[PDB]
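# An overview of the molecular structure
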Amino acid sequence: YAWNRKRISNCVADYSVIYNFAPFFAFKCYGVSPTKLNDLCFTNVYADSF
Amino acid sequence: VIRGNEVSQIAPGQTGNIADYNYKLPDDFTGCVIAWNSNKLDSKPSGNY
Amino acid sequence: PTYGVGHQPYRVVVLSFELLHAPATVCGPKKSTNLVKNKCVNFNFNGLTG
Amino acid sequence: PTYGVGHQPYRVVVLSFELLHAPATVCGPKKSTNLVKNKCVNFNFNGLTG
Ligand SMILES: *[C@@H]1O[C@H](CO)[C@@H](O)[C@H](O)[C@H]1NC(C)=O
């Protein structure tokens, strides 16, 4: 009910180092692909945790 | 034998660590993949090397 | 064994089949039937049904 | 209990609903509304909307 929001901006996003940080099976994405996250690149990232 | 994060890497049309430098599958692949947990036979408390 | 479920070892066996272009060597269990000619029948030749 | 994770017992309940052709008998908590006629309204009759 009080989930935490964090803004990610002005840095270099390496998505290949997420996997060895938490024990999760699937990096479930909807509009993009998890293996192609380094070639394309974005404007801003929002991280919500609960 | 791989780890649990890379089980999704054994698929045609994937990139990463296993699918790029260890084991690459063709795009016209016709076959099956069977992956099962081995926490008892392939694991040691001091670390499997 | 103290790791999470996303870092357990996983045994992987990949069965890659070659499709029927050569004479067949490995085949599944099916009972053969004597050949008939000059009659409209249903044939199953090496997995090819017609 | 010493067997693997794929040989464990699994309890299965299959809920098969048969579609509405007879008068409907089993369905849940949707509050009914009084019926008005001779007006373009949005109707919900036994689950079908229009
Ligand atoms: C979890 O994050 C902490 C942050 O201090 C780090 O020390 C630790 O190594 C991380 N866990 C793993 C498995 O990388």
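cryo-EM is the method the PDB entry lists for this structure, together with a resolution of 3.1 Å.

Per the PDB entry, the recorded name for chain C is Spike glycoprotein, and the organism is Severe acute respiratory syndrome coronavirus 2.

Chain A has the name Spike glycoprotein in the PDB entry, where Severe acute respiratory syndrome coronavirus 2 is given as its organism.

## Looking at a nonpolar patch on the surface
Residues and elements named next belong to chain C. A cluster of nonpolar side chains, contributed by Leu-35, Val-36, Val-41, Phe-43, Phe-45 and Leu-48, occupies part of the molecular surface with about 590 Å² of accessible area. Locating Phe-45 in the fold gives a position in strand 2 (residues 44-45). Overall, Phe-45 belongs to the exposed group, its relative accessible area being 51%.

## Some words on the interface of chain B and chain A
Contacts between the two partners involve four residues from chain B and, on the opposite side, four residues from chain A. Summing both sides of the interface, chain B and chain A together bury roughly 400 Å²; the carbon and sulfur share of this comes to 39%. For the pair chain B and chain A, the interface holds zero salt bridges. On the surface where chain B and chain A come into contact, there are one residue pair in polar contact.

## Here we look at the side chain of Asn-5 of chain B
Mapped onto the elements of the fold, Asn-5 of chain B is located in the loop between strand 1 (2-3) and helix 1 (18-22). Accessibility expressed as a relative area gives 4% for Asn-5 of chain B, which makes it buried. Looking at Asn-5 of chain B, its side chain comes within polar contact range of the side chain of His-7 of chain C, at 3.4 Å. The residues touching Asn-5 of chain B, leaving out its near neighbours within four places in the chain, are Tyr-19 and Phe-24 of chain A together with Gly-6 and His-7 of chain C.

## Topic: the interface of chain C and chain B
Each partner contributes residues to the interface: chain C has 13 residues there, and chain B has 24 residues. Sorting the residues of chain C by area buried against chain B places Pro-9, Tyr-10 and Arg-11 of chain C first, and these three jointly supply 39% of that buried surface. Counting the contacts that link chain C with chain B gives one salt bridge. With a shortest N-O distance of 2.4 Å, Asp-42 of chain B and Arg-11 of chain C are connected by a salt bridge. Our enumeration of links across chain C and chain B arrives at 12 residue pairs in polar contact. Of the residues belonging to the side of chain C that touches chain B, the class tally is eight nonpolar, four polar and one charged. Bridge analysis of strand 1 of chain B against strand 1 (residues 9-16) of chain C gives two bridges, and the strand direction is antiparallel. Among the inter-strand pairings, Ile-2 of chain B is bridged to a residue of strand 1 of chain C, identified as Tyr-10 of chain C.

Definitions and cut-offs
Residues numbered from 1 in each chain as written, not as in the entry; some residues may be left out. Chains lettered and ligands numbered in written order. Part of a larger assembly, values for the part shown. Heavy atoms only, no water. Patch = residues over 30% accessible without salt bridge, like charges linked within 9 Å, V, L, I, M, F, W, Y side chains within 5 Å. Areas by Shrake-Rupley, 256 points an atom, 1.4 Å probe, with all protein chains shown as cover. Salt bridge = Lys/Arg side-chain N within 4 Å of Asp/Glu carboxyl O. Helix = DSSP H or I, 4+ residues; strand = E, 2+ residues; numbered from the N terminus. Buried < 20%, exposed > 50% of the residue type's maximum accessible area, 1.4 Å probe, protein only. Contact = heavy atoms within 4.5 Å. Buried area = accessible area lost by both parts, 1.4 Å probe. Polar contact = N/O pair within 3.5 Å; in protein donor to acceptor, adjacent residues only side chain to side chain. Nonpolar A, V, L, I, M, F, W, Y, C, P; charged D, E, K, R; others polar. Pairing = 2+ DSSP bridges.

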